[PDB]
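2 protein chains.
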Amino acid sequence: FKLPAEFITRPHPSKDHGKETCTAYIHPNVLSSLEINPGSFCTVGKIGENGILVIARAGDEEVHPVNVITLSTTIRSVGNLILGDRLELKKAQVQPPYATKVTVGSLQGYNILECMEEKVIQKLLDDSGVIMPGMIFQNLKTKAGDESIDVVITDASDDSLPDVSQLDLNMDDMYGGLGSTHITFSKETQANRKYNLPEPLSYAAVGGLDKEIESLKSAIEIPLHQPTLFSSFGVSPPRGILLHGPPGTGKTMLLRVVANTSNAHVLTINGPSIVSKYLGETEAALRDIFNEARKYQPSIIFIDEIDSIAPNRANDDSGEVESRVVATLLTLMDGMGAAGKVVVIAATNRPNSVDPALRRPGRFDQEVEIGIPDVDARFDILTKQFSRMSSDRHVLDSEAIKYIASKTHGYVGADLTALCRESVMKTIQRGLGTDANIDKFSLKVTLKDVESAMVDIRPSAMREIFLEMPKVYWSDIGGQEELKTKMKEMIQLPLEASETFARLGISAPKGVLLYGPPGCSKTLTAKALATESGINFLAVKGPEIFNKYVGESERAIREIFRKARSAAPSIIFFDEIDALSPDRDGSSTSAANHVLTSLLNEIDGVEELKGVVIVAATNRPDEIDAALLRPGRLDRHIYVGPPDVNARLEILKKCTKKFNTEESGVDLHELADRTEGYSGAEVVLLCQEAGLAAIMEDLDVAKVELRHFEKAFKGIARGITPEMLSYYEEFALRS
Amino acid sequence: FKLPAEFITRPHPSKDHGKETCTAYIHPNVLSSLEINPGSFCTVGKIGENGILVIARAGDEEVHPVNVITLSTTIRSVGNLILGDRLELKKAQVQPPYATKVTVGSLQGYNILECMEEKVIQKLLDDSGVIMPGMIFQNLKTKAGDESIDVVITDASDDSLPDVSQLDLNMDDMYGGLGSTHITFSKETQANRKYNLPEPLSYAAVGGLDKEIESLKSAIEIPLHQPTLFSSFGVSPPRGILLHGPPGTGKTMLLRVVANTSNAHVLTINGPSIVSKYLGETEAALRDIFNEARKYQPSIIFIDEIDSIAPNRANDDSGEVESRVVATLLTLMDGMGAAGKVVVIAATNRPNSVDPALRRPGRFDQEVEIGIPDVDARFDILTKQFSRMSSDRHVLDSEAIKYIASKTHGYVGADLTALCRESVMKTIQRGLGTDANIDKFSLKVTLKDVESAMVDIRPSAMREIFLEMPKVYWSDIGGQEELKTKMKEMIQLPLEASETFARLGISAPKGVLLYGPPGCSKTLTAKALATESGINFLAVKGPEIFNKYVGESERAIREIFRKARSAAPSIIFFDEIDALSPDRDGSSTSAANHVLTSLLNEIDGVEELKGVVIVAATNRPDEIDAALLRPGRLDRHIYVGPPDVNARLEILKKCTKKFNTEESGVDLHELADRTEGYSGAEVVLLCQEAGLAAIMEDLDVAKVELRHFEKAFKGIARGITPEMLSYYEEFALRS
Ligand SMILES: Nc1ncnc2c1ncn2[C@@H]1O[C@H](COP(=O)(O)OP(=O)(O)OP(=O)(O)O)[C@@H](O)[C@H]1O
Ligand SMILES: Nc1ncnc2c1ncn2[C@@H]1O[C@H](COP(=O)(O)OP(=O)(O)OP(=O)(O)O)[C@@H](O)[C@H]1O
Ligand SMILES: Nc1ncnc2c1ncn2[C@@H]1O[C@H](COP(=O)(O)OP(=O)(O)O)[C@@H](O)[C@H]1O
């Protein structure tokens, strides 16, 4: 009449040896309810993963609750079982026929033990059960030397009739006291790929994320493993940790890693599955999971897609499962325990869509920010992936890895794995369709498939409000020497003399204004500074922040200011301020005035932010209001006129990188002399036109001829007039 | 067949001794239904944390109904049980093994009893129970010296095998009349933090709320304790109290403290959780709650999230749970009784979001308003927090507290608590990473972690209507003596001649206006006046009142005017009046005209605000309409022009305070003489630019040289033209 539905796993206590494989503590009523003899094998469905881990069963001592079951740490780790997964029990399969080879693998060790062995076979196969796909055991105490040693038993040779049961349980035979089947120590094989066993996630897979993953590790370590330190204080420890960022950054993998590396109980909600038609069913499920987490002292709560289950209260009054659930859960967690050891993780894609009641400092104080990987992080990810896929299947060199990382500017970490997979597909196709099913070992991995993959991937990460570490070197930029020297001076003053300024009480100007021709040297300078300084860079587009709704731009400005404040000292750059600054001449609406007063208040109004640096670039400097155009804020002004010969030569070389300079025969000096009064955008347009003319001659071309460049120069005009130069000169004279 | 659903606690009547620990006046039918011996222990589920206050059971005299149960005031105080809490009976647990040490704590006392103790052990352990966490007993009557003494039994070393029992009750075995176990009279420590017992809240915990908390105390004391006070005049006592203010200020603490300190029944609704699919079920529960509250004379009603459950009728006509619940609750509260003794507390985040039908003189006339804490209140809050934290874990001198309070101009109590929490987190992680898990007591809490915490706290309360300025004294202010006696006269007339105005009929003109070139220190003088005068101030900006929603600006203006009226005679200053005033020169929406008409009607129409003083400053006189430029309303005009020679000399002192004048070699008056066409803001800009030049010339210096000041003067223009000064003089002449 008990009718058990689901079970919860639990590690075997008391340590020592005991049984350690077939504990399977089950209430006698449940033992009789399954119509299977207790002193025999048992099966744990765990709603999937067929094979069902055939293991022997044993009785309890009347102190084991029905809802829990012990499947031993070894089996829990081998089967990729995490504390909190739903477990189901049913009848057992046929008895194991026999074992053929059973050979160790010597995980994370150099092997060659011999003396250190001391008959591992006895301590390994003496246990009842011991399923042959995988055993891992603690070092215990072997001879003199202590240390930690572990072995794995992947490799198999026997054949089992039931294809559904891939776990192929085998029996153990012995002859002795205190000889296997033709030894067991051989080779240092890794996890076998034949059975496709689930390899537990580890921190080694994630690379380039070190600082914030370490911070999260500490912030999860200090509540749970050492609660007495806080219990001495007793100041309401934090329970919620924010994990948000762009999609594809790998938050799910981080959650899996922190769940696997910790033996404590965790909760994995399915999201909308908890939502039910009944009014009180959701509350019953919430209180059930909460009291389950409270009953077992070490517990962790994982919540994903908060914006879906718990949307914003004001944004949408959908009803049913709504902010009432938020209120109930907050009230429950606000008094569930004084100190305890409980961790709640809120992993959401966009905190803005989340109810701002969730984003309260009192409860959800801890916040972790995840951004798109930079060049170093991308290189680390690629190297880790190459190490994981092993050198026997590829022939690559590290310089190609830097080249690939540099070629990927806006690529996300999720894009790299797909790029590798599609490169594998391209290599497989290029081998098959060409050589008629030749051996794939020789072809391995090359660079042409990777190049084709990055050409045809077409990522959807181009549109974004924040780009992280643009890549442009000083051998690619174009500008005048005085501007470069000045920018170096005012980037080296604050970051190297903040303490000196604090001692003198003068701080930093925190304002730079740029104005010049629309060609170049006004926008690419920000990217050059971002690449050189290695500091966080914020780019804001004028028309982008404009919205039909009035007041949205104010919220965007507040959000970007908060991001700049919370994202360490950085530099803030605006692409075009001339599209929002004019509020009188342009007869703009109240939104422009609100934006102007907001930026005026944020720059030097009743608040001072020494760490951040504000730099702006504009095309026409006159329409900016005098309130913003005041010395003290953006006081520094640079004339920065049209690019000179070497800068134009440099941008021509940059545009000629795809082509070959020596094949064309151009010395880069005649073209620079001919193109002197033009602009950088005009130079790019001329290069594009010359390339089009070259490729329309005889289809694909390996080089561009000088006649095409001459035709492009003649046909296309600069479009610039001395009037704008005189206007800039007279504006600079009055300033 | 009775099927008891839930039970509510009640203090043990008749005083005396009786049981006083194990009264347990439950109906015998419930005892028989649970299949447990009446002379055995009992437990209350109270939703979660099973094992609360294992206490022996007994029977009643068939008079007390099933719903109400009694567990005595001692157990009520021990378990922090709120009156009328929902309790679910559970089966008993096996008898306690033994008591190990037993030692008193001497709550709220200096201990050292000895002579007047007179063997409290016999009376302490003669009663059944004596639980490990503690007991609370009244002083009763022992010898002479009256007064009140209480003892708690916090510290003990009893071991219990099951971790489910959170209260681990112990048995009683002592020898006495009318040899122990290692005595019990020792130490005077507080509640043990190892067992993390829930300490009830106290009025001393909340700081900086003295006036409003005393008003709330009086408002909740008038109806209940002495209903005759209000029933003598026979005008019916109020039943509802409105609590409102910024989120996370004091509401939950007020509710919890008034619930704990009052022996009356306390009931808190679950808000939207009560709402179900059945329309009539919630309303039937509402009559059930009202009948339960009316049945017992001492009762407290707590209402939360009023806006969520009772929105504005006109704002949203959704359906289902709607104004019908408002009408039924209004009818229930209108005719519950004639005099009675019942207080209803309504804590809402937004008063305007609440349905105005609720805000009625006959129902919810009483309102409690709590603003954002000022410097003094925040300092008191921080000092109370450090007092609670105690000096055994950290050291903090008073000046650091004052500096932190001054820095945290806009922080809220929740923000301060979160900042302290993540300060402790940062200290713990820093110590761990720097010393490999060293003792945290030696490192404790310093100012560096606090500074890092306030840098990375990411404040969210900056966008607030109420703002507090930095405090500046007249010595810090450099200004001319001209008009100083005038402004002293205007500030001293309403405040120090209210009776003279009332008798003579002169009243308050309430008209002060400021004008002149930007940087003429009008805002600085207003801030200095507000700081020195020691009077309440309301910070109003130009665009701040301008709201995107139609009518929101009018509501904000009405709210700020009501706050000024109810916050004693004060001063209201507009930072930028040159935005709301212009309605004819430029194209403006009808909202600006409505605001102008409303302010014109408020300043002098129909009503006169004698107590408060209206002062404003403008950047251009043409923007002010002729309607406001009339005698009686802003008739007084203060020139407050550019600073004089002596004023600029005094200004130069403040900017040079960080530097040292002696080694500079300048006389500090010749530089001021050379700078006569500038303004105070312009002088500050010149000093800042000179400091920037000094730090950019040779980095670290201890002084600014004459050459730097000369270069700053040469490179910066005054930016002021005589024509605008002439226009200002002409405008002043005509008015
Ligand atoms: N830092 C990384 N290193 C390696 N692979 C990564 C990284 N970030 C993402 N990936 C790749 O992206 C995929 C994992 O994406 P995952 O779903 O975990 O991302 P997420 O940002 O948490 O988003 P989602 O909301 O879809 O869960 C895998 O293919 C994985 O290889
Ligand atoms: N004056 C204060 N001193 C110390 N801590 C405070 C103070 N005010 C608020 N807090 C902190 O903020 C938390 C919540 O604040 P508070 O209880 O005052 O909010 P509330 O307005 O009643 O709640 P809600 O956000 O639900 O309306 C407290 O538990 C405490 O940690
Ligand atoms: N002599 C001075 N020393 C220091 N600060 C000054 C001085 N004069 C003006 N200020 C600062 O400049 C501000 C003056 O504001 P103001 O420009 O008059 O406002 P508005 O733009 O409405 O005219 C004040 O907030 C004050 O802090």
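Protein sequences, first through last, are from chains A and F. Counted the way the authors' numbering counts, the first sequence spans residues 28 to 205, 220 to 776. Counted the way the authors' numbering counts, the second sequence spans residues 28 to 205, 220 to 776. Built from N, CA and C at the ideal position, the CB exists for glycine as well.
Helix, strand or coil at residue 309/A according to DSSP, with G and I counted as helix: strand
DSSP-derived helix/strand/coil call for residue 474/A: Correct three-state label for residue 474/A: helix.
Identified DSSP bridge partners for residue 25/A: Nothing can be reported for residue 25/A: it is not among the residues displayed for chain A, which extend from 28 to 776.
Proximity test, Cβ basis, 8 Å: residue 770/F and chain A: no
Selected residue, minimal CA-CA separation from residue 138/A, among 518/A, 53/A, 522/A, 177/A: The shortest Cα separation from residue 138/A among 518/A, 53/A, 522/A, 177/A belongs to 177/A.
Nearest neighbour of residue 644/F, chosen from 136/F, 550/F, 684/F, 758/F [CA to CA]: 550/F
Assigned secondary structure, residue 368/F (DSSP; H/G/I helix, E/B strand, else coil): helix
Nearest neighbour of residue 94/A, chosen from 107/A, 77/A, 119/A, 55/A [CA to CA]: 55/A
Residue-level contact to chain F via CB, residue 352/A, 8 Å cutoff: no
Near-chain F residues of the segment 265-284 of chain A - C-beta to any C-beta below 9 Å: Of all residues in the segment 265-284 of chain A, only 267, 269, 270, 271, 272, 273, 274, 275, 276, 277, 278, 279 place a beta-carbon less than 9 Å from a beta-carbon of chain F.
DSSP state of residue 407/A mapped onto helix, strand, coil: strand
Beta strand (DSSP E) runs contained entirely in the segment 175-199 of chain A, provided each spans 3 or more residues: none
Residue 352/F in three-state terms, based on DSSP: strand
Any chain F beta carbon closer than 8 Å to residue 205/A: no
Interface residues of the segment 589-614 of chain A facing chain F [CB-CB below 8 Å]: 591, 592, 599, 603, 606, 607
Member of 566/A, 479/A, 670/A whose CA lies at the smallest distance from the CA of residue 661/A: Here the closest residue by C-alpha is 670/A.
Residues sharing a beta bridge with residue 529/A, DSSP: According to DSSP, which records beta bridges pairwise, residue 529/A is partnered with nothing at all.
Boundaries of the alpha helix (DSSP H) in which residue 598/A is found, first to last residue: 593-607
Chain F residues whose Cβ lies nearer than 8 Å to that of residue 550/A: 733
Beta-carbon proximity of residue 553/A to residue 611/A, cut-off 8 Å: no
Near ligand 3: residue 208/A beta-carbon under 7 Å from a heavy atom: Absent here is residue 208/A, because the residues of chain A run from 205 on to 220 with nothing modelled in between.
Neighbour flag for residue 737/F against chain A, beta carbons, 8 Å: yes
According to DSSP, residues forming a beta bridge with residue 513/F: Looking at the DSSP output, residue 513/F sits in no beta bridge, so it has no partner there.
Three-state secondary structure (DSSP) of residue 757/F: coil
Proximal residues to residue 568/F (C-beta, below 7 Å), its chain only, five neighbours per side dropped: 510, 513
Contact residues within the segment 538-563 of chain A, judged by C-beta distance below 7 Å to chain F: Those residues of the segment 538-563 of chain A that come within reach of chain F (Cβ to Cβ, closer than 7 Å) are 538, 541, 542, 545, 546, 547, 550.
Residue 567/F: CB within 7 Å of a non-hydrogen atom of ligand 1: In this structure, ligand 1 has no non-hydrogen atom nearer than 7 Å to the beta-carbon of residue 567/F.
Interface partners of residue 389/A on chain F, CB under 9 Å: Chain F residues near residue 389/A: none, gap ~17 Å exceeds 9 Å.
Backbone secondary structure at residue 657/A - three-state DSSP: Here residue 657/A sits in strand by DSSP.
CB contact flag (residue 196/A, residue 158/A, <8 Å): At a Cβ-Cβ threshold of 8 Å, residue 196/A and residue 158/A count as neighbours.
Limits of the alpha helix (DSSP H) - the one that residue 444/A falls within: From DSSP, the alpha helix (DSSP H) with residue 444/A extends over 439-448.
Chain-ordered chain F contacts of residue 403/A [CB-CB under 7 Å]: Within 7 Å Cβ-Cβ: 289, 455, 458, 459.
Where the segment 324-341 of chain A meets chain F: residues whose CB sits under 9 Å from a CB there: 324, 328, 331, 332, 335, 336, 338
Cross-chain neighbours of residue 369/A in chain F, by beta carbon under 8 Å: 311, 314
Helix, strand or coil at residue 142/A [DSSP, three-state]: helix
Distance cut-off 7 Å: residue 551/A Cβ against heavy atoms of ligand 1: no
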